[PDB]
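Coming up is one lone chain in structure tokens, specifically the form deposited in one PDB entry.
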């Protein structure tokens, strides 16, 4: 690096792209492809300056880096998306402009490449039943334009060696406070001068570059062109669907598998999974949310071990399309209701068979959970730590984060669910409802060990529990909302927001501190609710007692209610049990968010109402 220049890479859009998905596979594909775009961008920087010049994210142990650059033989860990959509690196000033243009190009070409490969794959597999000439229309400018313009890869940079009046640079950038002016003072101290080199105020420079960078990103993301008129994609309903400008709605639908016309971007999305398979021989263990749901209490395994064979038999009987590789094509065929709506008498056998199995093994899990985690105030906590030595401590921080995301997050999830993204302090995972809480807790705990009553490094999270039939787009929106508007809205953050969205539309939300999970798990209250509808009316009555302040006060009302619903086998047991349950309720109240005792009881009992719902936790 001749003339050191700080460079920032930003790739958008993120959440809107991930949310435009119908199946878990699309969701994983969007996320993974996003990480892939960042990787393509970073390799441009590595080629010219090596990984040591990439401050964030930390490439060193990045699966993508080990397998696609240093060419190693890493396994399924390659399936996880570990690279965030933003990066910071130090490069050469005279090279920066080339690098900018160079990154926009490799990302553009890569996407067009995936698109053409997707068109070929689509036609050769029935995805789209079209002519021979019509296949060439799929590659016309109109569709190519959509691929080329969907993502924005923005790069901005600033010289680390140019000198400037530190006070005036931060003042003009709207960053001058007392704490900042004080820091600037100690800086003017070290170097007997106020006119220092940009890297002299590195911590404040990162923040400024972020703003300069954001200005550019909004200017570039709006430089889009219009699209041709026509029917839109069924998955995102935003972009023109291929052949959407040549056919009427009905004829357009008949050309596509499952009758769902796709736009250029969602076609790449459907193809991405196979592309990755061909490139790494790897594919995600759970492809549908239903696959993640059936992991509840090992139902899937259990059922397969005592009904797996026959079901496939009776399935193949009704039809040969439902079976393949001696296993069902879709996991939803595990639900009686699927056969009744999606050779009549030949089907009656399947339904009666499944219903019968549910009698001995129990009804199949129909709810699953979406876990989103995200570091609280990382921007301030990082610059605070960093506040030519500074950049090094920043690299150290980034490596600590990549290590955590790549090895530790992966370790608690194991094969208990699907870990889609883990880019440092942030996480996106699909888990069976009976693992969600524990998994989130462990990730929060590990995070605390890797960065250490009043912790400075915290993670907030959103856990949304939904029915397998719920539109994934809406579920992601609600999971994000639980994280951003509920958990992150609590003063002091470091909160877990739990939402249960029933198929009926009812929506229950509880805001809790992390330790509620520990205290509840080890509680006598938890054991007593599981062996009781005593739990249901106890929860109903307490909630009714806190729609307003109870005249007799919270403590007295809780003791009264505990007495009315909690009982043992003999006066001896029941007394100790009532004293134990009462005390655990009080300990739990310590960990529920809320402006007062009434709100805390409400939140706790709403939480209890959630984890004792028989439909969700059969």
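Positions refer to the first chain, counted from 1. We call the rigid core whatever largest set of C-alpha positions still superposes within 1.5 Å between the two forms.
Query - residue 199 dropped from a third or more of the other entries of this protein - result: In at least a third of the comparable entries (those modelling both sides of it), residue 199 has no coordinates.
Query - residue 568 left out of the model in a third or more of other PDB entries - result: yes, residue 568 frequently unmodelled elsewhere, at least a third of entries.
Query - Deposited residues lacking coordinates between residue 532 and residue 533 (none, 1 to 3, 4 to 9, 10 or more) - result: Missing residues, residue 532 to residue 533: 1 to 3.
Query raised in the report: From residue 97 to residue 98, how many deposited residues does the entry skip: none, 1 to 3, 4 to 9, or 10 or more?
Result: The entry has no unmodelled residues between residue 97 and residue 98.
Query raised in the report: Which is higher in the entry, the mean Cα B factor of 24-32 or that of 577-585?
Result: If you average the C-alpha B-factors of 577-585 and of 24-32, the larger mean comes out for 577-585.
Query raised in the report: So which stretch wins on mean C-alpha B-factor, 426-434 or 294-302?
Result: Stretch with the higher mean C-alpha B-factor: 294-302.
Query - Residue of maximum C-alpha B factor among 203, 499, 237, 491, per deposited coordinates - result: Answer, based on the entry's C-alpha B-factors: 203.
Report task. Kindly indicate the residue among 146, 369, 418, 356 with the greatest C-alpha B-factor in the PDB record. Result -> Among 146, 369, 418, 356, the PDB entry lists the largest C-alpha B-factor for 356.
Query raised in the report: Can you tell me which third, lowest, middle or highest, the CA B-factor of residue 473 falls into for its chain?
Result: Lowest third, going by the recorded CA B-factors of the chain.
Query raised in the report: Can you tell me which third, lowest, middle or highest, the CA B-factor of residue 401 falls into for its chain?
Result: As the PDB entry reports it, the C-alpha B-factor of residue 401 lands in the middle third of its chain.
Query raised in the report: By the record's CA B-factor, is residue 614 among the lowest, middle or highest third of residues in the chain?
Result: Within its chain, residue 614 is a middle-third residue by C-alpha B-factor, going by the deposited values.
**Report entry** Assigned third (lowest, middle, highest) for the C-alpha B factor of residue 68
**Finding:** Top third by C-alpha B-factor.
Requested in this report: Determine, from the deposited record, the chain-internal third of the Cα B-factor for residue 105: lowest, middle or highest.
Outcome: Its C-alpha B-factor, which the entry lists for residue 105, ranks in the middle third among residues of this chain.
FYI, the form deposited in another entry isn't displayed, but the following is about it.
Query - Only residue that shifts (Cα, 2 Å or more, rigid core superposed) between the shown form and the other one, among 285, 301, 277, 544 - result: Meeting the 2 Å or more criterion is only 544.
Query raised in the report: Honestly, after the rigid core fit, is residue 491 moving at least 2 Å at Cα between the shown form and the other one?
Result: Residue 491: C-alpha displaced by less than 2 Å between the shown form and the other one.
Query raised in the report: Comparing between the shown form and the other one on the rigid core, is the C-alpha shift at residue 75 2 Å or larger?
Result: No, its C-alpha moves less than 2 Å.
Requested in this report: Align on the rigid core first; then say whether the Cα of residue 411 has moved by at least 2 Å between the shown form and the other one.
Outcome: It does not reach a 2 Å shift.
Requested in this report: Can you tell whether residue 243 sits closer to or farther from residue 117 in that other deposited form than it does here, judged by CA atoms, where the change is 3 Å or more?
Outcome: Compared with the shown chain, residue 243-residue 117 is farther in that other deposited form.
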